[PDB]
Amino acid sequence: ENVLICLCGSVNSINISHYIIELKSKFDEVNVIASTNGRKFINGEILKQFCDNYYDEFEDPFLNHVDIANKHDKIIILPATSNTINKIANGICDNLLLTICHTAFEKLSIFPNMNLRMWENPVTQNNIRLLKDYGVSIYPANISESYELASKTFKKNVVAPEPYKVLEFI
């Protein structure tokens, strides 16, 4: 069994090595893709020290979404941004990660990771309900609060859960 991790434009993408690692215990291949806006949060060579394949549509523009989707029994968005959730809910797919996801709702799990204002946005909530309606699994993200070093303020968030929790959810 193979899993594809879809990484979005969040700081929490920098922890993905710890999820590659736990997932390699129970899946044969753990592969990773990033959104265009996600590529700047990550180091492609570093992911390749853990995951089996890094799809990079900038290096290989002609990678096929159907073939990638078919190779995987599970596809997760972790961390999932508001933008990616709301694109997927409306069938928007102007990059490879979004297109893969659009081909495979039945294999798809989303791990919401965002600021509370974005999570509680009416459009986001409705779109999360469309997706649940359409067969996509959404992790029941807890609302946490925490000191953010970059701003020197407390921020309220829903965040990607711990790795072992991902393994149970999928």
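Start at 1 with the first residue shown and count on from there.
Undergrad: Do the C-alpha atoms of 60-68 or of 120-128 have the higher average B factor in the entry?
TA: Higher of the two, by average CA B-factor, is 120-128.
Undergrad: Mean Cα B factor from the PDB record: higher for 19-27, or higher for 5-13?
TA: It is 19-27.
Undergrad: Based on the entry's values, in what third of the chain does the Cα temperature factor of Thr36 lie: lowest, middle or highest?
TA: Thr36: CA B-factor falls in the lowest third of its chain.
Undergrad: Comparing against every modelled residue in the chain, figure out the third that the C-alpha B-factor of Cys101 lands in (lowest, middle or highest).
TA: Its C-alpha B-factor belongs to the lowest third of this chain's values.
Undergrad: Could you tell me which third, lowest, middle or highest, the C-alpha B-factor of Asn53 occupies within its chain?
TA: Its C-alpha B-factor, which the entry lists for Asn53, ranks in the lowest third among residues of this chain.
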